[PDB]
Structure formats: structure tokens, C-alpha cells
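Asks: The structure is given below, and queries will be raised subsequently.
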Amino acid sequence: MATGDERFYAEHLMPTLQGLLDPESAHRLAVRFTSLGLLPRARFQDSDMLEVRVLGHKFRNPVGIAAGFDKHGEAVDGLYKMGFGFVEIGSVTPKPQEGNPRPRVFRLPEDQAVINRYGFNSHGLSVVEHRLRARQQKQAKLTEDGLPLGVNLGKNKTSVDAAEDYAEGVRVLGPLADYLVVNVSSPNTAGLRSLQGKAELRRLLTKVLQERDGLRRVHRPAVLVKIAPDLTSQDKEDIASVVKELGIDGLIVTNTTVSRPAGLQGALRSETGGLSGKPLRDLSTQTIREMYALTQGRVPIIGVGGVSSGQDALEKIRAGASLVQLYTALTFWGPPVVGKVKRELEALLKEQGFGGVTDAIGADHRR
Ligand SMILES: Cc1cc2nc3c(=O)[nH]c(=O)nc-3n(C[C@H](O)[C@H](O)[C@H](O)COP(=O)(O)O)c2cc1C
Ligand SMILES: CC(C)=CCC/C(C)=C/CC/C(C)=C/Cc1c(O)c2ccccc2oc1=O
Ligand SMILES: O=C(O)c1cc(=O)[nH]c(=O)[nH]1
């Protein structure tokens with residue numbers, strides 16, 4: 001019966017509507033429909049096995065919506081209604097900006113992948129601040145109930161001082177967030193990924209952390225850094241070193257890839273931008289695995305990239321992720337994928353002898 005509307009969405013509704021609508025229009029409609037609560041509430045009730053305690057919070061389940069789906073904080077409540085254990089909004093830039101010219105998003109259905117080059121289209125900090133303020137106390141209760149909120153920060157295209165952009169984000173949205181993400185891994189703003197370099201990252205994160213530490217206790221979020229899947233071994237070593245040196249609270253692993261893996265079939269494979277979905281999956285999992293080992297398992301990781309099944313989620317958890325996110329799978333399978341991942345993950349945890357998600361975190365490293 002759950003499998004179910006899964007089949008209807010996956011085999012008929014989503015393919016048909018994707019046939020009618022370009023991906024950007026489709027995404028806007030999805031955000032709209034989700035924000036209005038037009039989707040029926042998720043039948044799957046989260047078992048205690050799926051609960052995770054990390055980043056100073058309880059997470060009712062470990063499956064979140066990745067940044068980029070709700071860039072401007074318009075659909076947070078509808079996303080919880082869809083069954084996500086946590087919601088991340090953004091990336092948000094300090095000033096509003098339009099992003100790159102169209103077209104800028106492409107489906108690769110034969111690869112179960114997407115390529116995007118949005119370039120941080122953002123309503124800006126002020127608009128998002130007011131949107132989150134309008135439901136701040138509702139979010140306080142949701143968080144207390146095991147449904148935390150993350151806010152992902154970006155920087156403006158024309159900004160001279162990257163660190164000041166991130167600092168402003170901490171000041172404006174830090175007080176409304178359970179965790180903040182310093183997104184230094186978008187492939188679609190020139191020079192951004194260079195902020196992952198050791199010296200630049202250290203300077204940037206020192207400032208971010210100083211700003212965060214200046215917030216009142218009740219409004220003091222955890223700070224995570226979101227990294228690329230395309231880093232050298234040296235880059236990864238350096239990130240791990242800075243993270244430990246500064247006491248960064250966690251990592252989001254990974255953003256989209258600028259690589260184009262051998263075997264892509266989609267007609268649009270050579271479009272510029274970040275690739276997401278299935279071709280990113282194991283590249284992301286391996287990056288999680290490496291970051292977990294480099295941080296001695298002491299630094300919480302949110303694993304993201306190509307998750308569309310319980311198996312995909314559990315592989316990332318066993319590689320070292322405390323939580324996972326998805327986006328691209330939602331675009332192909334629709335809302336039922338959320339319950340699907342959770343049900344399959346629970347079943348696999350039981351089959352592999354885990355008491356719950358927490359027991360599985362980093363399990364591959366202890367074999
Ligand atoms: C259309 C689109 C827009 C995105 N926008 C953002 C963003 O603004 N900030 C960010 O940190 N990641 C962004 N991402 C990356 C996702 O958060 C995620 O890291 C990546 O897509 C891998 O997950 P997936 O394979 O489940 O989509 C975006 C991805 C897509 C497909
Ligand atoms: C939240 C969700 C996936 C569906 C909500 C309800 C609804 C009526 C969706 C209708 C149409 C549709 C084409 C959604 C898929 C979709 C994309 O194809 C898409 C492609 C690239 C990047 C982001 C995208 O966002 C989407 O939601
Ligand atoms: O806005 C975008 O282009 C974007 C940002 C980001 O962090 N990742 C991505 O794939 N796209």
C-alpha cells in the first residue's frame with residue numbers, strides 16, 4: 001500500500017509531469033505545492049531505531065532534505081510533513097541576486113542525475129530572516145520534538161570579501177538555525193571552491209566561529225562546512241586539520257561534482273554545472289569514508305549525494321555519516337521516496353544486527 005503510491009509517482013506521475021515541464025518550472029511548482037501543504041501527510045511513523053542524537057539535537061529520523069530544494073525558506077513545514085527528519089534551507093546570500101542566466105538546470109533521466117548551474121539565486125538574508133522569524137517559535141517546538149532546521153549560507157557573486165558575506169549570514173540567520181552550513185563547495189560561483197584551501201578556510205572559519213560564539217546561548221547554532229566531492233587527498237587532509245584545529249562542529253559531504261563519470265548517457269551530460277544523483281553516489285560515500293577516518297570519527301558528518309534507497313542511506317551511515325540528505329531522488333521518485341528510504345533503512349538495520357542508526361554510524365571502519 002506504501003509501494004503503493006511509490007509506484008504511481010515513480011512510474012507515472014513524475015515521468016509524465018517531467019515530460020510536460022522544464023526542470024526549473026517543475027522545481028518552482030514543487031516548492032509551491034509543498035509550501036501549501038497540498039501533498040497528503042506521510043503515513044510512515046518513525047520508529048525509535050531511526051532516532052539520532054548529534055550536533056546538540058535530537059533527530060527523529062536521519063533523512064534530511066539537502067540544500068537547494070528550498071533555497072529561500074518557503075516550504076519548511078511542508079518538508080517536515082513529507083517525513084524529513086530535518087530540513088536544510090539555502091544557500092542564502094547576503095543581498096538578493098538572480099543567479100546565472102537560463103537555462104541552468106538539466107535532467108539526465110537515463111542516469112537518474114541532474115546538472116545545475118543556478119549560481120546562488122537567492123531572495124537574500126533579509127527576506128529569509130523575516131520568513132523564518134514568522135515561524136521561529138513553531139520551529140523551536142519542532143526542534144524540541146526532534147525536527148531540527150539547518151540554514152546554508154552562500155556569498156554574493158560581486159562580493160569582495162567572502163568572509164564578511166559568511167559573517168553576515170551568521171549574524172542574521174544564525175539566531176534562527178539549529179545548525180549553519182558554510183557552503184564553500186558550489187561549483188557555480190567563480191573562485192568559491194578555492195575557499196576550501198587550508199589558509200583561506202582557516203581564516204574564513206575563524207571569523208565564522210567568532211561571529212557564532214558571539215550569539216546568545218539559545219541562539220547559538222552548530223557550524224558545519226559543506227565540501228566538494230572533487231577534492232584532492234591533500235585538500236581533504238587540510239580540511240580535516242582545520243576542522244580539528246578550530247573545533248568545527250561537523251561536515252556536510254558532499255556537494256555536486258564537476259566531474260563527468262565515464263558512462264553517463266543523458267543527452268545533456270556535457271552541460272556546465274554540478275552533477276547530482278546516482279552518478280555522484282559512491283564518490284560521495286568514499287569522501288564520507290575518508291573524512292570520517294581523517295577526523296577519527298569525532299566530527300559529525302551529514303552524508304549527501306545520490307541517496308534514493310535505504311541501502312544508499314545505510315552505506316553512507318556505515319561509512320561514517322550520522323545523518324543523510326537527499327534532493328535529486330525526490331525529483332525523480334517524488335515524495336514517496338522519503339518513506340521508502342526510511343522503511344528500507346529500518347529493515348536493513350534489523351537485518352544487519354544494528355540496534356539502531358546510532359550503532360551503524362562508522363561501522364565499516366570497525367570491521
Ligand atoms: C538544483 C540543485 C540546487 C542545489 N543548490 C544547492 C545550494 O544552494 N547549496 C548547497 O549547499 N547545495 C546545493 N545543491 C547540492 C545538494 O544540496 C546536494 O549536495 C547534491 O545535490 C547531492 O545530493 P543529491 O544527489 O541527493 O541531489 C543543489 C543541488 C541541486 C540538484
Ligand atoms: C516535492 C516534489 C518532488 C513533488 C511535489 C508535487 C508536484 C505536483 C510535482 C510536480 C512536477 C515535477 C516535475 C517535480 C520534480 C522536480 C524536477 O523535475 C526538478 C528537476 C531539476 C531540479 C529540481 C527539480 O525539482 C523538482 O521538484
Ligand atoms: O546555486 C547553485 O548553483 C548551487 C549551489 C551549490 O552549492 N551546489 C549546486 O549544485 N548548485
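Every chain in the C-alpha cells has a letter given in the order shown (A, B, ...), and although residue numbers restart at 1 in each chain, ligands are simply numbered from 1 in the order shown.
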Enumerate residues in contact with ligand 3: an atom-to-atom distance of at most 7 Å, counting only C-alpha atoms and all ligand atoms. Format the result as a list in words.
Replies: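 Listing the residues within 7 Å of ligand 3 gives residues 68, 91, 116, 117, 118, 119, 120, 121, 183, 185, 186, 187, 188, 255, 256, 274 and 275 of chain A.
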Asks: May I have the residues from that selection written out with C-alpha atoms, as a PDB file, in the first residue's frame?
Replies:
ATOM      1  CA  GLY A  68      18.912  23.793  -2.822  1.00  0.00           C
ATOM      2  CA  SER A  91      22.052  28.551   0.080  1.00  0.00           C
ATOM      3  CA  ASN A 116      22.608  22.507 -12.344  1.00  0.00           C
ATOM      4  CA  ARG A 117      24.321  25.880 -12.646  1.00  0.00           C
ATOM      5  CA  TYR A 118      21.883  28.067 -10.696  1.00  0.00           C
ATOM      6  CA  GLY A 119      24.649  30.271  -9.297  1.00  0.00           C
ATOM      7  CA  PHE A 120      23.075  31.053  -5.894  1.00  0.00           C
ATOM      8  CA  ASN A 121      19.765  32.557  -6.946  1.00  0.00           C
ATOM      9  CA  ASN A 183      28.986  26.356   1.769  1.00  0.00           C
ATOM     10  CA  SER A 185      31.703  23.974  -2.442  1.00  0.00           C
ATOM     11  CA  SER A 186      29.242  25.278  -5.019  1.00  0.00           C
ATOM     12  CA  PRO A 187      30.791  24.711  -8.452  1.00  0.00           C
ATOM     13  CA  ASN A 188      28.708  27.615  -9.875  1.00  0.00           C
ATOM     14  CA  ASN A 255      28.114  18.974  -2.826  1.00  0.00           C
ATOM     15  CA  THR A 256      27.684  18.283  -6.565  1.00  0.00           C
ATOM     16  CA  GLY A 274      27.286  20.417 -10.772  1.00  0.00           C
ATOM     17  CA  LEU A 275      26.165  16.828 -11.299  1.00  0.00           C
TER      18      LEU A 275
END
Asks: Produce as a PyMOL selection string the set of residues near ligand 1, where near means within 7 Å with only C-alpha atoms and all ligand atoms considered.
Replies: chain A and resi 66-69+71+90-91+105+114-116+118+120+152+183+186+226+254-256+276-278+280-281+304-307+325-329
Asks: Out of A:21, A:42, A:79, A:181, which residue has the shortest atom-to-atom distance to residue 2 in chain A when counting only C-alpha atoms?
Replies: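 Smallest separation from residue 2 in chain A among the options: A:42.
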Asks: Nearest to ligand 2 among A:242, A:173, A:336, A:184, with distances taken over only C-alpha atoms and all ligand atoms: which residue is it?
Replies: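 For ligand 2, the nearest of the given residues is A:336.
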Asks: Please list as a PyMOL selection string every residue within 12 Å of residue 171 in chain A, counting only C-alpha atoms and excluding residues in the same chain fewer than 5 positions away.
Replies: chain A and resi 94+125-126+129+153+164-166+176-177+180+207-216+219-221
Asks: For a quick check of understanding, using only C-alpha atoms and all ligand atoms, which of A:268, A:330, A:324, A:348 has the smallest distance to ligand 2?
Replies: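 Closest to ligand 2 of all the choices is A:330.
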Asks: Neighbours of ligand 2 within 6 Å, counting only C-alpha atoms and all ligand atoms, as a ChimeraX atom specification?
Replies: /A:14,17-18,21,23,26-27,30,33-34,105,107,330-331,334-335
Asks: Which residues in range 16-162 of chain A does DSSP call strand (DSSP E or B)? List them as an MDAnalysis selection string.
Replies: chainID A and resid 52:54 57:59 63:65 86:92 97 105:108 113:116 122 149:153
Asks: Would you kindly return, as a list in words, each protein, DNA or RNA residue with an atom no farther than 9 Å from any atom of residue 149 in chain A, considering only C-alpha atoms and excluding same-chain residues fewer than 2 positions away?
Replies: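 Returned residues: residues 76, 86, 87, 88, 89, 139, 142, 143, 147, 151, 176, 177, 178, 179 and 180 of chain A.
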Asks: Check range 215-292 of chain A with DSSP on the backbone and list each residue it calls alpha helix (DSSP H), as an MDAnalysis selection string.
Replies: chainID A and resid 233:246 281:292
Asks: Output N, CA, C and O atoms for every residue in that selection, as a CSV table (one decimal), in the first residue's frame.
Replies:
chain,number,residue,atom,x,y,z
A,233,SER,N,43.5,14.5,-2.3
A,233,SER,CA,43.8,13.9,-1.0
A,233,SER,C,44.4,15.0,-0.1
A,233,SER,O,44.1,15.1,1.1
A,234,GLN,N,45.2,15.8,-0.6
A,234,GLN,CA,45.9,17.0,0.1
A,234,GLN,C,44.8,17.9,0.7
A,234,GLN,O,44.9,18.4,1.8
A,235,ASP,N,43.8,18.3,-0.2
A,235,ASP,CA,42.7,19.2,0.2
A,235,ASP,C,42.0,18.6,1.4
A,235,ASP,O,41.6,19.3,2.3
A,236,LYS,N,41.7,17.3,1.3
A,236,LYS,CA,40.9,16.6,2.3
A,236,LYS,C,41.7,16.6,3.7
A,236,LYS,O,41.1,16.8,4.7
A,237,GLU,N,43.0,16.3,3.6
A,237,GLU,CA,43.9,16.3,4.8
A,237,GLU,C,43.8,17.7,5.5
A,237,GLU,O,43.7,17.8,6.7
A,238,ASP,N,43.9,18.7,4.6
A,238,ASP,CA,43.9,20.1,5.1
A,238,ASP,C,42.6,20.5,5.8
A,238,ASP,O,42.6,21.1,6.8
A,239,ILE,N,41.5,20.1,5.1
A,239,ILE,CA,40.2,20.4,5.7
A,239,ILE,C,40.1,19.7,7.1
A,239,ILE,O,39.6,20.3,8.0
A,240,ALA,N,40.4,18.4,7.1
A,240,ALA,CA,40.4,17.7,8.4
A,240,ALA,C,41.2,18.4,9.5
A,240,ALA,O,40.7,18.5,10.6
A,241,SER,N,42.4,18.8,9.1
A,241,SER,CA,43.3,19.5,10.1
A,241,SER,C,42.7,20.8,10.6
A,241,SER,O,42.7,21.1,11.8
A,242,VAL,N,42.1,21.6,9.7
A,242,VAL,CA,41.5,22.9,10.1
A,242,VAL,C,40.3,22.7,11.0
A,242,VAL,O,40.1,23.4,12.0
A,243,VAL,N,39.4,21.7,10.6
A,243,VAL,CA,38.3,21.3,11.4
A,243,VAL,C,38.6,21.0,12.8
A,243,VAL,O,37.9,21.4,13.7
A,244,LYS,N,39.6,20.2,13.0
A,244,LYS,CA,40.1,19.8,14.3
A,244,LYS,C,40.7,21.0,15.1
A,244,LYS,O,40.5,21.2,16.3
A,245,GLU,N,41.6,21.7,14.4
A,245,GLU,CA,42.2,22.9,15.0
A,245,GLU,C,41.2,23.9,15.5
A,245,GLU,O,41.4,24.5,16.6
A,246,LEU,N,40.1,24.2,14.8
A,246,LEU,CA,39.1,25.2,15.1
A,246,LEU,C,37.9,24.7,15.9
A,246,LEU,O,37.2,25.5,16.4
A,281,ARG,N,26.8,9.1,-6.3
A,281,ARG,CA,26.6,8.4,-5.0
A,281,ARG,C,27.9,7.9,-4.4
A,281,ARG,O,28.2,8.2,-3.2
A,282,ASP,N,28.6,7.0,-5.1
A,282,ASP,CA,29.8,6.3,-4.5
A,282,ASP,C,31.0,7.2,-4.3
A,282,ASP,O,31.7,7.1,-3.3
A,283,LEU,N,31.1,8.2,-5.2
A,283,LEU,CA,32.1,9.3,-5.0
A,283,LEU,C,31.9,10.0,-3.7
A,283,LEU,O,32.8,10.3,-2.9
A,284,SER,N,30.6,10.4,-3.4
A,284,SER,CA,30.2,11.0,-2.1
A,284,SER,C,30.5,10.1,-0.9
A,284,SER,O,31.0,10.5,0.1
A,285,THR,N,30.0,8.8,-1.0
A,285,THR,CA,30.3,7.8,0.0
A,285,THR,C,31.7,7.7,0.4
A,285,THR,O,32.1,7.6,1.6
A,286,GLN,N,32.6,7.6,-0.6
A,286,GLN,CA,34.0,7.5,-0.4
A,286,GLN,C,34.6,8.7,0.2
A,286,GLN,O,35.6,8.6,1.0
A,287,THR,N,34.1,9.9,-0.1
A,287,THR,CA,34.5,11.1,0.6
A,287,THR,C,34.1,11.1,2.0
A,287,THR,O,34.9,11.5,2.9
A,288,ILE,N,32.9,10.7,2.4
A,288,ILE,CA,32.5,10.5,3.7
A,288,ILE,C,33.5,9.5,4.5
A,288,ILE,O,33.9,9.8,5.6
A,289,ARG,N,33.7,8.4,3.8
A,289,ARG,CA,34.6,7.4,4.4
A,289,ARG,C,36.0,8.0,4.7
A,289,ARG,O,36.5,7.9,5.9
A,290,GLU,N,36.6,8.8,3.8
A,290,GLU,CA,37.8,9.4,4.0
A,290,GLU,C,37.8,10.5,5.1
A,290,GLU,O,38.7,10.5,6.0
A,291,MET,N,36.7,11.3,5.1
A,291,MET,CA,36.7,12.4,6.1
A,291,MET,C,36.4,11.9,7.5
A,291,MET,O,37.0,12.4,8.5
A,292,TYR,N,35.7,10.8,7.6
A,292,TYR,CA,35.4,10.1,8.9
A,292,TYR,C,36.8,9.6,9.5
A,292,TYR,O,37.1,9.9,10.7
Asks: CA of residue 29 in chain A and CA of residue 155 in chain A are how many Å apart?
Replies: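 Between these atoms lies a distance of 25.9 Å.
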Asks: Counting only C-alpha atoms, which of A:85, A:99, A:78, A:320 gets nearest to residue 122 in chain A?
Replies: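 Residue with the minimum atom-to-atom distance to residue 122 in chain A: A:99.
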Asks: Extract, using only C-alpha atoms, all DNA, RNA and protein residues at most 10 Å from residue 267 in chain A, discarding same-chain residues fewer than 2 positions from it, and format them as a PDB file with C-alpha atoms, in the first residue's frame.
Replies:
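Output contents, as saved in part14.pdb:
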ATOM      1  CA  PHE A 106      19.025  19.855 -16.744  1.00  0.00           C
ATOM      2  CA  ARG A 107      17.642  16.381 -16.179  1.00  0.00           C
ATOM      3  CA  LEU A 108      19.626  13.287 -17.186  1.00  0.00           C
ATOM      4  CA  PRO A 109      16.877  10.683 -16.830  1.00  0.00           C
ATOM      5  CA  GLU A 110      18.961   7.818 -18.246  1.00  0.00           C
ATOM      6  CA  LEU A 264      26.833   9.000 -18.457  1.00  0.00           C
ATOM      7  CA  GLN A 265      24.141   8.535 -21.118  1.00  0.00           C
ATOM      8  CA  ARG A 269      25.849  15.283 -19.848  1.00  0.00           C
ATOM      9  CA  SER A 270      28.218  17.937 -21.204  1.00  0.00           C
ATOM     10  CA  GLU A 271      26.277  20.903 -19.816  1.00  0.00           C
TER      11      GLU A 271
END
Asks: Just the number, please: distance in Å from CA of residue 93 in chain A to CA of residue 159 in chain A, one decimal.
Replies: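 Separation between CA of residue 93 in chain A and CA of residue 159 in chain A: 10.0 Å.
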Asks: Nearest to residue 10 in chain A: which of A:232, A:51, A:82, A:308 is it, counting only C-alpha atoms?
Replies: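 Smallest separation from residue 10 in chain A among the options: A:308.
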Asks: Residue 200 in chain A: which residues within 12 Å, counting only C-alpha atoms, same-chain residues fewer than 2 positions away excluded, as a ChimeraX atom specification?
Replies: /A:161-163,184,191-198,202-207,235,238-239,242
Asks: Store the residues of this selection in a file with C-alpha atoms, as an mmCIF file, in the first residue's frame.
Replies:
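And here's result.cif as it stands now:
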data_model
loop_
_atom_site.group_PDB
_atom_site.id
_atom_site.type_symbol
_atom_site.label_atom_id
_atom_site.label_comp_id
_atom_site.auth_asym_id
_atom_site.auth_seq_id
_atom_site.Cartn_x
_atom_site.Cartn_y
_atom_site.Cartn_z
ATOM 1 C CA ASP A 161 35.296 39.865 0.986
ATOM 2 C CA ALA A 162 33.933 36.295 1.186
ATOM 3 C CA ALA A 163 34.443 36.074 4.918
ATOM 4 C CA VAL A 184 32.401 26.672 0.182
ATOM 5 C CA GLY A 191 36.524 31.218 -7.058
ATOM 6 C CA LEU A 192 34.267 29.814 -4.292
ATOM 7 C CA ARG A 193 35.825 26.362 -4.132
ATOM 8 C CA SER A 194 39.258 27.957 -3.527
ATOM 9 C CA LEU A 195 37.880 28.831 -0.049
ATOM 10 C CA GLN A 196 38.328 25.112 0.721
ATOM 11 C CA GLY A 197 42.150 25.659 0.632
ATOM 12 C CA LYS A 198 43.892 25.425 4.006
ATOM 13 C CA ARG A 202 41.200 28.671 8.351
ATOM 14 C CA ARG A 203 40.768 32.454 8.070
ATOM 15 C CA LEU A 204 37.171 32.149 6.920
ATOM 16 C CA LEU A 205 36.127 29.653 9.614
ATOM 17 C CA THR A 206 37.924 31.501 12.435
ATOM 18 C CA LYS A 207 35.803 34.527 11.590
ATOM 19 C CA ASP A 235 42.739 19.167 0.186
ATOM 20 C CA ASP A 238 43.937 20.086 5.107
ATOM 21 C CA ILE A 239 40.203 20.379 5.718
ATOM 22 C CA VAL A 242 41.490 22.921 10.103
#
Asks: Can you work out the spacing between CA of residue 222 in chain A and CA of residue 150 in chain A in Å, to one decimal?
Replies: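 Rounded to one decimal, the two atoms are 9.2 Å apart.
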